[PDB]
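Only one chain comes next, encoded as structure tokens, the form deposited in one PDB entry.
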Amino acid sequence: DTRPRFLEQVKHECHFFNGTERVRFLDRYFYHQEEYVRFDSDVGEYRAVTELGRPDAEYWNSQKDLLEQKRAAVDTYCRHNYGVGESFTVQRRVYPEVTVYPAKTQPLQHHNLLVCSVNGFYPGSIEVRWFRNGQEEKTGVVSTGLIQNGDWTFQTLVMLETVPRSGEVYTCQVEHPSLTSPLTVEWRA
């Protein structure tokens, strides 16, 4: 289809600091990709982001009932929804499954790449480390980054560029809020 498209977006945002101690509420309006007016609980009124949203800022700021609704959103909307979903969102904990397998950087005879597959964890914050016989190797570590599977689980590959020796023991260490002690998986040649 060649016909031009026209897109409108609205985003009601709730930003939480230390639980529900400090809460920030944003009411943002977008034409295509461009925000043109927003309400911010730090201000208490609508403010035009671009000249396109100035009529809506003055029009909405003249409606005190509307403004009183937006000023109460941190209590009736943000803290409320946080309380409804905190059991399966804020407190969701899934520990990862850790798999180690060798690979090749280039078509070589021997393997020169140790992959540490860390799959299915939540939340996303995680720290993965490589050790060669109990000594951490910070050189030659390449990662795929934090991959979002889109189903409330994350995954990441952390690869070590190394030439394995006989009797060498590598171990991949994983730290995650779902764990109380570091998860380790070892690999030897």
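Residue indices: 1-based, along the sequence shown. Between two forms, the rigid core is the largest collection of C-alphas that superpose within 1.5 Å. Residues that one form lacks are left out of the comparison.
Just so you know, the form deposited in another entry exists too; it's not on screen, but the next bit is about it.
**Student:** Considering only 81, 99, 105, 89, which residue exhibits a C-alpha shift of no less than 2 Å between the shown form and the other one, with the rigid core used for superposition?
**Tutor:** So the only displaced C-alpha belongs to 105.
**Student:** Your call: residue 105 and residue 101 CA atoms, closer or farther in the other form versus the shown structure, by 3 Å or more?
**Tutor:** Closer together, by at least 3 Å.
**Student:** At a change of 3 Å or more, would you call the C-alpha separation of residue 131 and residue 108 in the other form closer or farther than in the form supplied?
**Tutor:** So the answer is closer.
**Student:** Where does the chain move between the shown form and the other one, taking runs of at least 3 residues whose CA atoms all shift 2 Å or more after fitting the core?
**Tutor:** In sequence order there is one run that relocates between the shown form and the other one, which is 104-111.
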